Amino acid sequence: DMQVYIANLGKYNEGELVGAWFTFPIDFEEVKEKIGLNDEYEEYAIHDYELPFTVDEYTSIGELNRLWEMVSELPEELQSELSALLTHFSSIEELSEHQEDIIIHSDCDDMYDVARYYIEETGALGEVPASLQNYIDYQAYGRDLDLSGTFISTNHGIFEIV
Amino acid sequence: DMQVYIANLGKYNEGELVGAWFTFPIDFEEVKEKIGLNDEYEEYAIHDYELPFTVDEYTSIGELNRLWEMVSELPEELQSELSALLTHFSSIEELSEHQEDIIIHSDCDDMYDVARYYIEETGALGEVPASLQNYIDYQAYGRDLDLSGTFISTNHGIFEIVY
């Protein structure tokens, strides 16, 4: 699903739209042939894309392929929510650096669910009696967690960063 | 602080019944001598009083002294909060009978403080660990206790009546 639309700048500046959607890994000879570039692979720009991160018009094919490599080295669980993760981590460099400091709470839809997980099935505050359970303010604990950490809500659950 | 005005119903002086104020314990002989009752101590009634409870015109010296004994024997904090207790108990007699079923939470100002004590100090809901204590809804528990139990708020604390 990762793809970019690379246009010929020598034709676009004049008015004529000559480009194409390319998937990864982007091979230079294919681009050269498809949008009519020269031996130097000269004057192309990125005029549209479908990626989990921002890109400039003047971002090189080499930059793109490199980011694709880094994304591929990541575990599949992180790749499927990469866009959300790159909101906290501001770069793939950083995400990969701390990749193992991430916890995927798969069946949690909010901080209440995360609070109830740590208390009940983790024993984060020691064993809880039966009679006391209806008086534990999980909403309050989930709040104290969210304020004192980073929790990212997504379609594959809540991602917590240590 | 505690006294009653006892009138001789049969002895007048200057168009007004003979009477006097008496402090506790009300000495029978003193009364007889002061307001001039007969040898059988008859013909008297209580026409005024300064007591922390209600009492009738036809209440006997014996009953009064018995009420004084009962009040004096109560714990101090119950003594100073009689008016509040007698909105629950029907009489000093009944309060005295049930005095050992009254729990005096002297250190508690409201039901939160009472809930806090039962959970932390008593273990009424089992072992509450250190870190967990900071996230227990004590207002909720105190409200549940108040809705189903009997707790009276007073200036000398919360009194709880238990079966």
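Please note: Cβ atoms are built from the backbone with ideal geometry, for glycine as well, and neighbour counts cover all protein chains shown. All of the numbers you see were taken from the coordinates with simple rules; none came from a lab.
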Filtering region A:62-82 down to residues that are in contact with a strand residue (DSSP E or B) (Cβ under 7 Å, 6 or more places away or on another chain), of a type in the set (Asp, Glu) and assigned to a helix (DSSP H, G or I) yields A:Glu77
Across region A:37-56, what is the number of residues that are part of a loop (DSSP other than H, G, I, E, B), loosely packed, with under 13 Cβ neighbours inside 10 Å and not polar (S, T, N, Q)?
4
Quick one: which residue in A:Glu73, A:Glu77, A:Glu81 is acidic (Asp, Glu) and either surrounded by fewer than 12 Cβ atoms within 10 Å (Cβ to Cβ) or free of Cβ contacts under 8 Å to residues at least 40 places away in the same chain (or both)?
A:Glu73
Over region A:93-115, the set of residues in a helix (DSSP H, G or I) and in contact (Cβ under 8 Å) with a residue 24 or more places away in the chain is A:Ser96, A:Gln99, A:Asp101, A:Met111, A:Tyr112, A:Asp113, A:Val114, A:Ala115
If you take the residues in region A:117-162 that are of a type in the set (D, E, K, R) and either free of Cβ contacts under 8 Å to residues at least 24 places away in the same chain or in a strand (DSSP E or B) (or both), which one is nearest to the other protein chains (Cβ to nearest Cβ)?
A:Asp137
Would you confirm whether or not region B:96-112 contains a residue that is within 14 Å of chain A (Cβ to nearest Cβ), of a type outside the set (A, V, I, L, M) and more than 16 Å from the chain's Cα centre (by Cα)?
yes
Test: B:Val31 is in contact with a strand residue (DSSP E or B) (Cβ under 9 Å, 6 or more places away or on another chain) and of a type outside the set (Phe, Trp, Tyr)
yes
For region A:84-112, which positions are under 24 Å from A:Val55 (Cβ atoms) and exposed (fewer than 12 other Cβ atoms within 10 Å of the Cβ)?
A:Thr87, A:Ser90, A:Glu93, A:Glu97
Run A:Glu76 past the list (1) away from chain B (no Cβ under 14 Å); (2) of a type outside the set (A, V, I, L, M); (3) touching a helix residue (DSSP H, G or I) at 6+ places or on another chain (Cβ under 9 Å) and report the number of the one that doesn't hold.
(3)
